[PDB]
């Protein structure tokens, strides 16, 4: 332990431990499985692994509930940098391994999300739980890509959850700089595993993809994230037509050319639990965003399947559904059928 020269080199996840499972890949503007069928990610976020462990809720039964009773085919894991450091990489990766085995057994997929909020080029963030560096972010993806080489269960590497400069208080937002840094991460990933799908985000908290109309990331096999929460678009008159136009302008257009995953979406009533901008809505957003995504073939993972973090999909750890939880549960179950 004091003999640092005898610390072992890292090992890769044992692919023989898994049951057969299709790889998902990008083909044009769609995801497809390795049988050639169009595939749509449909599922939920759960909380950070460390948060779940802290209350003894990191267990296979959580994934079983979701796969069997909520219609999901995907779970997004929002890996918070502060938690990565607190558990440490070795321990955190040991718990991701569990998630891989649990998901594989149920035939569902994982999105691994490096869950920071802020501006990576200046290393300034919305809150210290998101604090990271370029060096730590690169090392996270280097470790992940090596460990989960050739693992179909781990489908998407979501490089940096929510880019934002908070009105340029964190730095001067610059698309060219952000594009170049994403390309750099993708190059490190693809040097280690070409079968994984990188997921890239725009500014305004992963809401604004409009820069990619003329400056998309110059790499193959990638998809784009979107976080179309209810109050991100602000039409004077609230109806389907006006939201659809604003969504089209900022993010929806991307689905015409590339696959898109709405890796966060959801709402709570303005006087409901943990209500805050931009997630406040009277509920009309639910049918509206689902209709929009269904029309464009957009994939999604609702935020969040947790009783503490808001907007919640459940009210307690017996999985009593919240308003949005009841709504999306029915949507996902119907889509699965």
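Residue numbers count along the first chain shown, from 1.
**Item:** 83-91 versus 158-166 - greater average Cα B-factor per the deposited record
**Value:** Mean B over CA atoms: larger for 83-91.
**Message:** Going by the mean C-alpha B-factor recorded in the entry, which is higher: 132-140 or 188-196?
**Reply:** The stretch with the larger average C-alpha B-factor is 188-196.
**Lowest, middle or highest third - CA B-factor, residue 230** = Middle third.
**Request:** For residue 31, return the chain-relative third of its C-alpha B-factor as stated in the PDB record: lowest, middle or highest.
**Result:** It falls in the middle third of the chain.
**Asked** Looking at the C-alpha B-factor of residue 54, is it in the lowest, middle or highest third of its chain?
**Response** Tercile = highest for this residue's CA B-factor.
**Prompt:** When the modelled residues of the chain are sorted by Cα temperature factor, does residue 304 land in the lowest, middle or highest third?
**Reply:** It belongs to the lowest third of the chain when residues are ordered by C-alpha B-factor.
**Request:** Tell me, lowest, middle or highest third: where does the Cα B factor of residue 45 rank within its chain?
**Result:** Its C-alpha B-factor, which the entry lists for residue 45, ranks in the lowest third among residues of this chain.
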